[PDB]
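Peer 1: This one's a deposited entry, sequence included:
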Amino acid sequence: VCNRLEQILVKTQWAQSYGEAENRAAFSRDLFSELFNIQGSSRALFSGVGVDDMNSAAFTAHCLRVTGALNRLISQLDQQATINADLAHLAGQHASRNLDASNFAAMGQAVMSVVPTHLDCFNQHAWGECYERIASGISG
Amino acid sequence: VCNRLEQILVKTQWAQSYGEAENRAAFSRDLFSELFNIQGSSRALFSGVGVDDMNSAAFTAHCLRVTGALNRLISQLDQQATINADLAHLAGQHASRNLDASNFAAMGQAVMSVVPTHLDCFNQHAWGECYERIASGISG
Amino acid sequence: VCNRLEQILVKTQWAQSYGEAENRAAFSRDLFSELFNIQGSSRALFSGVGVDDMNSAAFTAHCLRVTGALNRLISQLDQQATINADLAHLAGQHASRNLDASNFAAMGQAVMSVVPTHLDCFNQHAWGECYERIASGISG
Amino acid sequence: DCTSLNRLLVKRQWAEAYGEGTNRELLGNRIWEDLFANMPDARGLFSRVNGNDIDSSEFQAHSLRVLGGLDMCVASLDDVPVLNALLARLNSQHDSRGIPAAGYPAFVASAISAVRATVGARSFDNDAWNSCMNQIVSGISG
Amino acid sequence: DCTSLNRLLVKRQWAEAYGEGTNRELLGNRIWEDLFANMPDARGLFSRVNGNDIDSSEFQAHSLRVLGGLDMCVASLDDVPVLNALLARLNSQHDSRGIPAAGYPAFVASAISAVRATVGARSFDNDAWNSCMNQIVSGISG
Amino acid sequence: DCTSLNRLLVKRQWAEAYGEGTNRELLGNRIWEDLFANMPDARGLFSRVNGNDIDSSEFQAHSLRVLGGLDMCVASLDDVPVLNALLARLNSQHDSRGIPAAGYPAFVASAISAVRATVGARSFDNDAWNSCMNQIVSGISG
Amino acid sequence: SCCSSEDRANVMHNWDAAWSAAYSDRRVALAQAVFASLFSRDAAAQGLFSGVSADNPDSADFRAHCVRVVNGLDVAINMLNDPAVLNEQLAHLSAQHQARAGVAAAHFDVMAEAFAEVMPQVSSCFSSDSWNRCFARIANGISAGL
Amino acid sequence: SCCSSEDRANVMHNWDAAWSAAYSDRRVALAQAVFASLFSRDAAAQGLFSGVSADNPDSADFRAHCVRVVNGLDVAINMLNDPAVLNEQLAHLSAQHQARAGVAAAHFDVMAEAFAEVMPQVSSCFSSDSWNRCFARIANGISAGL
Amino acid sequence: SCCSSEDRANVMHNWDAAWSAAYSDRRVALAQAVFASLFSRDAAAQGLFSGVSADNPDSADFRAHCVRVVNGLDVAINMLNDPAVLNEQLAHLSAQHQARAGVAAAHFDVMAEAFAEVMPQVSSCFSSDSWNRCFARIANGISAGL
Amino acid sequence: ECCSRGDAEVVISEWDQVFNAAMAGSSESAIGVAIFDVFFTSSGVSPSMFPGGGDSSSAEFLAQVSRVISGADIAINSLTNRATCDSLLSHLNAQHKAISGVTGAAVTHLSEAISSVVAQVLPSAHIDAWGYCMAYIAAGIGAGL
Amino acid sequence: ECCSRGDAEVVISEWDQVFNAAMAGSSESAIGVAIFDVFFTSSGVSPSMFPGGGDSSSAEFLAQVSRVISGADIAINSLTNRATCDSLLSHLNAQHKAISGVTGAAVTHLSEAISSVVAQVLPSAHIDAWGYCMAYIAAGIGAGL
Ligand code: HEM
Ligand code: HEM
Ligand code: HEM
Ligand code: HEM
Ligand code: HEM
Ligand code: HEM
Ligand code: HEM
Ligand code: HEM
Ligand code: HEM
Ligand code: HEM
Ligand code: HEM
């Protein structure tokens, strides 16, 4: 899953879609807005980071940490040993958060929702394979 | 799969993404370009409609017939009895074309690729459910 | 000094020069920048309101209170009994601040400096008379 | 009256308010909506051209025929010999149709009011329009 | 009549003239200003909602409630079973209120005239609007 | 009523609808066209200023004199002592002119309606305008 | 042939630029030349207009007939942006010409030639192609039935 | 929380894009899902709607009640640009719900959840944050007094 | 001198900016200063205003006369974009001043000086050249005949 | 030319305003049924020629109606590209040559039924442009029939 | 957020249209007096707490009225810069802590009296935006009171 050719395609489209500076913040807020719109039960899981107001600094900061982690993982997609160690670190952090498989399936569909709306070209096949590569490393 | 609420969302986003007039032609060409880029083995299946030149009138006409059929199916998504009869008609036409499940999975990923690049909002969850609803009616 | 005709002229030109919203803040900062540029010894008098950084919220707030007081006084220029009582209140507040006549002459020249740079028409005669009317009520 | 100068002013302002294409329907609608409101019995005179629905295609064709006839006369205001012949023919198309004599002053008032609303009321010469419009309808009525 | 095609046209043009936000007050004001001018006794029926000052906040809320009820029925024009149930409930809110039977044809005339003024008179289908509006008020009146 | 706050609102909206230059003729035309339509006998009162042709230069000067007098009073709404003296003089110019007592409520209705049409009907304070306009005409009439 | 959207936009503008009531001593000149041309191409057509003094062209009677007929074209030309009303008008004009003995559909082919000869001489900027197709769309609606 | 100017602009546009009378077979679907969700979260609330045949959801009677109730929200949502009129309307709605035995303010908290569950599924482009605050501004005006 | 198109545009804007009914406690101040200046330059002119209590300037009677007179200028100034109506108004004003014993044309030259003294003190942005020519165009229309 | 670019543009715009995927399927079926009702009476073609037998309550017929107007929808939206539209009409022509009973007159009747129904739901429709463009579509579909 | 940028912008624009230095002082006094009249009846605060004793004909009270609305005017015009506005409200908060009798409820009453009087002289006012922004101003001034 997620071969060396697909990694380059996903790295290129992510960097362009994720953008820079405040665009990353609006992108990250849009991602969790789509997550909540897809799975309403996932919103309560973030009650500890100011999810009551999604424009607050506290919740915007959480969204950037998650997309920033997605950013650092995609950045290391072509270094298999490095990303495996990083995903294992993330898997350890998420193990106590009472998450299930549908939580990560909803996050994936949220990614498949927001990423292409900031692009002119999007290969959902490569993104499906490479997101699955990342999510399975975290989910367990 | 594809409940009455999801149908409205998909109908709205399809009509806006598909567009009007020549935009439908460029959209339809982009869809099959992504299909061929995702599954190279699917291109030969269209050798009978001028696929050698994807800007030709013959191949552009075929792309519009397929997306036009997708257009008429989505238009009738909220009339279960009507769309079931139409999908059964389409299933009869495709049964002799030597297609498999991966052909329709690739077409779906192509749809998930081109549709959101013409939108500001895209719900891939609803599109996944409702495309699966349509494709399963044709694939058999 | 500052007859009923001059009051109307000064009220019109002040309201237009002072402006609205953030323009009042930039105007008020410019006024005290010109005051400090005209009389360097006056800057230390404001060490209690963050004058070390003239773009800080604390010093911008002080500049707005002073220009806001100038705004409320000019607004009541045509109500002699009301503005006399207000100037007497201001004279009581300034009596313990160890200010002299040159401090108020420098502030006046600062006003004569910043106000016309936000106008197409400016009557320095009327402004000289009416500022003197206001400043003498505060200075003692 | 309707002096030679009045006829130039009326011709210029008529062409402006009458206009081209569908703008003529905008002027016509102002005329018939005003006429029927001030004289409700006039609508019955147009039962053969669907006067009950002034927005129908049938009545709009009638409306543009009438405005075309008025435009015809306005254009010939400075050519009195031809105007008289145009008015004599228009009289033959209206006589014994049962048209009340009060309908022509009322139509004049509606036509002038519609032109005034289209070109603007300021400096509008009601005397030139009334006098020149009266020369036209006096050749048609009776 | 009010054919299936009429209902699509009325729904489209109603939504356009009705609009969003404060545009709904623009349409409502056209209706009540026309209704009260043509039927001055209708204003007394709205004394509890300050009918003497149609620009007050109290009457505007009432006006938008009425237009909301009409919008409710217009949207359900192609869903006859639900429409009949909506009309039956609206009848219960108006019966024994002392509303003259002439008020409903007059309201229809004002509503259609206001929609016509908002979307444009050219090609306006008075037959579709009258026939579809009559189906609505006939379920409310009486 | 006509409270101190009402007078500020009326002054602001009057100046807006009254405006500058030829915009004053636009407001005046709305007033006289409405007044003469609702009270046709009022036009005869203005025979000396060519009331039959409200678009003539003679009547426009009269119209602007009247609106100037109203503007004069509106501007002094918050200066009651001067207002009373202005109204007393205006009473002397209208007494024994044969002006029916019903003309002043009708003029008030036309003036308010014209201001409302110019500044916009939404949130228009009919109570402030009626109460402040009534203070003005009650000093003129009789 | 089809009178397209671009055709009727061109034809309506150039016609109204010549026929507008804002100008003087144009309608008679244009209308007279049209009928002068019609009689020059179909000497038998003049007999159909014996009630309007066709043998005295400069009479107010014949001038008014020419203006009256050609203004009927102006009414129809300015309906080209509302063909639903145009179809009602062309049906109205057809019934009037059926009640006139001797008026045949081939006469409108001669009338088309008369306009095709007069208009290029009078209209600055004239597109004969657009004119021929949009005149046909109007004339074919009238000449149907006869 | 405050329903800001940007909030109501967003909410009014996305709501009207879904609820407009120009579309068909949307209002019933949306309104039914709202009440289906309400009953799923508060089984006791169904008893308050015994006069509208709540036990037969596909009846024209219950469908009309759903549309009638939700259209009341459409009226209030489109008043967000004239809060003086909205306050008059919310006071009117409050008196009507006080005269209904058993309707409590906590029920509107369940109604908010039903809309918060239905709208994301149906409205392309949906801002739950803006919706939650502007629904609260309307619902708090109605549920005052009970 | 001629009050040009640019003159009256400038004068009408600056006058209305000072005289608008939207403001308070400006008209009396301006109008009083005008008449204070007139009496300062022509002590004999005060006798012509004995019916309006000229010897008690702060009376409501004299204040109303000042406002009434100066507002007459506002009416005339705002007619400068319709001189046909202005000429009708200036003829009307002339007949009213001819019926007043003692009012001479030289008095308007003193009235012009009073405005020329007051307006620069009160109007932010004031063009005395444009004012002098457009006041003359109005005053010459009134003072004709006396 | 017949069905000029300007004609095609206004026809497409008015058609998509009246017919698009965002509308309810019942509405699109109601329009298509009305089109077929008009076509049946002007052409005299037997409804038994179609699946469902012309019955508006038969799901088989509403799907057949959806397929036919969709074919017209695809052709209409391709009107500004004559080369692409010619190919679409040529494919439709080959399909109808293999169908016993399809005549060029009936294809014209159905194309005119489209224009007349559009003008009923959109009375401001450019019916001359509709006539020229649907005649162009009809000539391609029924070529040789 | 409460009193968003859009809310602040419309509040400032409507406030400065109703209250600015180009207006007559009598008009600004009339508005401020009306504000205080409303505040006195909704808060029950004694007018003897203020110089002039609430008497609208006392120059001492009209100056006190001018100072209070001017403080609100300065805060309102600073609404689009929260950092500057927070500092202005913090200074006002410290001043009122040293004043015996000032409660947080009364500060809310006076801030609401501002909004209600504005809506009387400007009936088209955005009263929701006024409520949110004046509540934000009131919370800063009366913090801890
Ligand atoms: C799929 C890629 C994901 C990545 C890269 C990721 C990464 C992160 C990161 C970097 C943090 C910050 C931890 C900290 O600094 O304290 C975090 C926190 C968290 N994430 Fe994830 N995450 C992912 C998926 C998910 C999903 C699908 C869910 C739930 C549906 C989830 C729920 C949470 C929660 C509940 C927290 C802690 C919130 C708190 O601190 O109160 N994560 N995640
Ligand atoms: C998923 C939704 C699909 C729809 C709505 C659809 C619809 C259509 C339509 C309307 C035609 C035109 C038939 C005609 O008019 O002659 C067609 C032809 C065809 N389609 Fe599909 N199709 C779908 C999926 C697929 C996929 C996934 C493939 C292959 C990977 C495929 C392969 C073909 C082929 C080979 C033809 C015939 C080409 C020829 O005529 O030479 N279709 N389809
Ligand atoms: C000429 C018009 C003036 C006006 C209207 C004015 C008004 C004000 C106002 C309203 C305050 C706020 C007091 C508070 O809220 O605590 C203030 C403070 C102050 N002003 Fe003035 N003032 C003027 C002139 C001057 C001048 C010319 C100087 C010095 C050159 C000066 C020096 C100060 C100082 C030192 C403070 C207090 C700073 C602090 O709080 O630490 N003022 N003034
Ligand atoms: C300047 C004034 C008028 C002009 C130029 C004018 C002209 C015309 C014209 C050209 C026609 C078309 C006749 C045809 O083609 O059959 C017509 C028809 C008609 N006009 Fe007049 N008209 C005028 C005033 C009036 C008035 C004031 C009335 C009634 C109050 C009236 C009533 C009618 C009627 C009843 C028809 C017959 C419509 C039909 O049944 O086809 N006209 N008019
Ligand atoms: C399609 C036509 C109409 C519809 C949809 C309609 C709908 C409504 C609605 C929804 C209400 C709100 C009831 C409430 O909340 O208490 C109402 C109130 C009312 N309507 Fe109608 N209405 C229509 C026609 C009329 C007509 C023609 C009249 C009178 C001539 C009328 C008179 C009233 C009255 C008196 C009230 C009570 C207002 C009050 O005191 O609160 N309605 N209407
Ligand atoms: C606020 C209300 C009104 C104001 C301020 C006002 C003011 C004026 C003014 C300033 C004049 C000019 C007098 C002159 O220069 O000779 C005038 C003239 C006149 N006004 Fe009024 N007026 C008002 C209402 C009315 C009404 C309601 C009527 C009749 C229904 C009326 C009838 C007249 C007449 C007949 C003249 C004499 C015109 C002439 O022959 O020159 N006025 N008015
Ligand atoms: C576009 C082409 C034409 C138009 C628009 C047109 C229109 C008209 C009009 C408006 C009238 C006046 C009817 C009346 O006043 O009663 C008329 C009369 C008449 N037209 Fe036509 N016409 C056209 C072509 C022709 C042609 C080609 C002929 C015969 C060669 C013809 C024969 C007549 C005759 C005989 C009359 C009767 C004149 C009379 O006796 O008063 N028309 N036409
Ligand atoms: C934003 C939220 C709500 C709005 C806008 C709203 C509005 C409405 C409207 C317009 C009606 C129709 C009144 C009539 O036709 O007589 C109604 C009826 C009713 N509502 Fe509400 N409502 C809301 C929430 C609720 C909730 C949460 C409950 C209870 C859990 C409730 C209980 C009722 C009841 C019992 C009726 C009576 C239905 C009948 O018997 O006909 N409402 N409401
Ligand atoms: C542009 C210059 C002037 C204008 C626009 C003007 C206009 C007016 C107006 C509107 C009135 C009120 C008439 C009434 O209410 O009955 C008036 C009255 C009068 N004016 Fe003039 N005036 C001008 C210059 C002068 C001058 C220079 C004089 C004499 C030096 C003068 C002498 C008078 C007198 C004596 C009255 C009578 C006041 C009374 O007894 O009530 N005016 N004028
Ligand atoms: C503008 C006119 C027409 C268009 C655009 C059109 C288009 C179509 C389309 C797209 C299909 C579906 C092909 C498929 O299943 O893949 C179809 C089928 C069919 N058409 Fe046409 N058609 C038109 C006119 C007609 C006419 C006039 C007739 C008969 C007189 C006709 C008879 C049929 C029949 C019977 C079928 C069903 C064939 C089958 O079930 O295998 N069509 N048409
Ligand atoms: C939005 C609400 C308020 C604002 C913006 C405000 C602002 C101000 C300002 C600017 C001053 C003048 C400070 C100076 O002299 O330099 C002042 C003084 C004063 N305020 Fe407030 N205030 C508010 C509410 C209140 C309330 C609710 C009370 C009492 C219940 C109050 C009691 C006083 C008193 C008594 C003074 C005079 C203190 C003195 O004369 O020394 N204020 N206020």
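Peer 2: Ah, there it is. Numbering: from 1, shown residues only, chains lettered A, B, ... in the order given. Ligands and ions are numbered 1, 2, ... in the order given.
Peer 1: Please count neighbours and contacts with C-alpha atoms only from this point.
Peer 2: Fine.
Peer 1: So is stretch D:12-23 next to chain G?
Peer 2: Yes: on the criterion CA under 8 Å from any CA of the partner chain, stretch D:12-23 is in touch with chain G at D:12, D:13, D:14, D:15, D:20, D:21, D:22.
Peer 1: Are that stretch and chain F in contact anywhere?
Peer 2: No: using CA under 8 Å from any CA, we find that stretch D:12-23 stays clear of chain F, coming within 15.4 Å at best.
Peer 1: Please compute how far that stretch lies from its chain's middle.
Peer 2: Distance, stretch centre to chain centre, for stretch D:12-23: 13 Å (CA atoms, centre = their mean, to the nearest Å).
Peer 1: Check which residues of that stretch are buried.
Peer 2: D:12, D:13, D:14, D:15, D:16, D:17, D:18, D:19, D:20, D:21, D:22 (16 or more other CA atoms under 10 Å in any protein chain shown).
Peer 1: May I have the distance across it, first residue to last?
Peer 2: 16 Å (CA to CA, to the nearest Å).
Peer 1: Turn the buried residues of stretch D:12-23 into CSV, columns for secondary structure.
Peer 2: Output for the buried residues of stretch D:12-23, formatted as CSV (DSSP: H, G, I helix; E, B strand; the rest coil):
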residue, secondary structure
D:12, helix
D:13, helix
D:14, helix
D:15, helix
D:16, helix
D:17, helix
D:18, helix
D:19, coil
D:20, coil
D:21, coil
D:22, coil
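Peer 1: Let me know the closest of those residues to chain F.
Peer 2: The closest of those to chain F turns out to be residue D:13 (CA to the nearest CA; 15.4 Å).
Peer 1: who's in contact with the closest one?
Peer 2: By CA atoms under 8 Å, 6 or more residues apart in numbering or on different chains, the contact list for residue D:13 reads D:115, D:119, G:22.
Peer 1: so which of the residues you listed is the most crowded?
Peer 2: residue D:115 (24 neighbours; other CA atoms under 10 Å in any protein chain shown).
Peer 1: Does stretch A:21-36 reach ligand 1?
Peer 2: No: using CA under 6 Å from any ligand atom, stretch A:21-36 stays clear of ligand 1, coming no nearer than 7.9 Å.
Peer 1: List just the nearest of the buried residues of stretch D:12-23 to residue B:78.
Peer 2: residue D:22 (40.6 Å; CA to CA).
Peer 1: Once you drop chain neighbours, what's closest to that closest one?
Peer 2: residue G:81 (6.6 Å; CA to CA, 6 or more residues apart in numbering or on different chains).
Peer 1: which residues does the one you found contact?
Peer 2: D:21, D:22, G:8, J:126.
Peer 1: before we move on, the earlier item: tell me the one of the contacts of residue D:13 nearest residue C:25?
Peer 2: The nearest one, if we look at the contacts of residue D:13 relative to residue C:25 and count by CA to CA, is residue D:119, at 49.1 Å.
Peer 1: List the contacts of stretch A:77-86.
Peer 2: A:4, A:7, A:8, A:11, A:73, A:76, A:137.
Peer 1: the helices in chain D, which residues?
Peer 2: D:4-18, D:23-38, D:57-75, D:80-94, D:103-119, D:126-140 (DSSP state H).
Peer 1: quick one: the residue of chain G found nearest chain B and residue J:129, what's the gap?
Peer 2: Nearest to chain B, among the residues of chain G, is residue G:5, at 17.9 Å (CA to the nearest CA). Going from residue G:5 to residue J:129 by CA to CA gives 7 Å.
Peer 1: now swap in residue J:51 and tell me
Peer 2: Taking CA to CA, one finds residue J:51 at 32 Å from residue J:129.
Peer 1: With residue A:36 instead?
Peer 2: Counting by CA to CA, the gap from residue A:36 to residue J:129 is 48 Å.
Peer 1: Compare those two and say which is more crowded by neighbours.
Peer 2: Neighbour comparison, residue A:36 and residue J:129: the larger count goes to residue J:129, with 25 against 21 (by other CA under 10 Å).
Peer 1: Hmm, residue J:11 and that one touching each other?
Peer 2: Yes: contact criterion CA atoms under 8 Å: residue J:129 and residue J:11 qualify, at 6.6 Å.
Peer 1: tell me, how many neighbours does the residue lying closest to residue J:142 once chain neighbours are set aside end up with?
Peer 2: In space, and not counting its chain neighbours, residue J:142 is closest to residue J:104: 4.6 Å by CA to CA, 6+ apart. When neighbours are counted by other CA under 10 Å, residue J:104 registers 16.
Peer 1: Run through the residues that contact residue J:45.
Peer 2: If you count contacts by CA under 8 Å, 6+ apart, then residue J:45 has J:39, J:106 around it.
Peer 1: That one in helix, strand or coil?
Peer 2: coil.
Peer 1: before we move on, what about residue G:22?
Peer 2: coil.
Peer 1: Residue J:40: helix or strand, and which one exactly?
Peer 2: helix J:25-43 (DSSP states H and E).
Peer 1: show me what contacts the residue nearest to residue D:115 when sequence neighbours are not counted?
Peer 2: Counting by CA to CA, 6+ apart, residue D:17 is the residue found nearest to residue D:115 once chain neighbours are left out, at 5.5 Å. Listed by CA under 8 Å, 6+ apart, the contact partners of residue D:17 are D:24, D:27, D:115, D:118, D:119.
Peer 1: Just give the nearest non-adjacent residue to residue G:34, would you?
Peer 2: residue G:114 (5.2 Å).
Peer 1: Give me the neighbour count for that neighbour.
Peer 2: Per other CA under 10 Å, the neighbour tally for residue G:114 reads 20.
Peer 1: follow-up on the earlier one: got the buried residues for the helix holding residue J:40?
Peer 2: Buried residues in helix J:25-43, counted by 16+ other CA under 10 Å: J:25-40, J:43.
Peer 1: what do you get for stretch J:46-56?
Peer 2: Of the residues in stretch J:46-56, those buried (16+ other CA under 10 Å) are J:51, J:52, J:54, J:56.
Peer 1: Helices of chain A, start to end?
Peer 2: Using DSSP H, helices in chain A cover A:4-18, A:22-38, A:57-75, A:80-94, A:101-114, A:124-139.
Peer 1: Does anything pack onto the shortest one? Which helices or strands?
Peer 2: Using 3 or more CA pairs under 8 Å, 6 or more residues apart in numbering or on different chains; DSSP states H and E as the contact test, the elements touching helix A:101-114 are helix A:22-38, helix A:124-139, helix B:124-139.
Peer 1: from the buried residues of helix J:25-43, which are also near chain E?
Peer 2: J:27, J:30, J:31, J:34.
Peer 1: Out of those, which is nearest to chain H?
Peer 2: residue J:27 (7.2 Å).
Peer 1: nearest residue to residue D:98 other than its sequence neighbours?
Peer 2: residue D:45 (8.0 Å).
Peer 1: Enumerate every residue touching the one you found.
Peer 2: Listed by CA under 8 Å, 6+ apart, the contact set of residue D:45 reads D:51, D:98, D:99.
Peer 1: I'd like the distance between the last one and residue D:131.
Peer 2: Shown here: residue D:99 relative to residue D:131, a distance of 22 Å by CA to CA.
Peer 1: which one is the residue of chain J found nearest ligand 4 nearest to, not counting chain neighbours?
Peer 2: Distances between chain J and ligand 4 by CA to the nearest ligand atom are smallest at residue J:123, namely 22.9 Å. In space, residue J:123 comes closest to residue E:123 once its chain neighbours are excluded; the distance is 5.4 Å by CA to CA, 6+ apart.
Peer 1: my guess is the one you found meets residue J:121, correct?
Peer 2: No: with contacts counted by CA under 8 Å, residue E:123 stays clear of residue J:121, the gap being 10.9 Å.
Peer 1: so how many other residues sit close to the residue nearest to residue J:34 when sequence neighbours are not counted?
Peer 2: Spatial nearest neighbour of residue J:34, chain neighbours left out: residue J:117 (7.0 Å); criterion: CA to CA, 6+ apart. Residue J:117: 18 surrounding residues under other CA under 10 Å.
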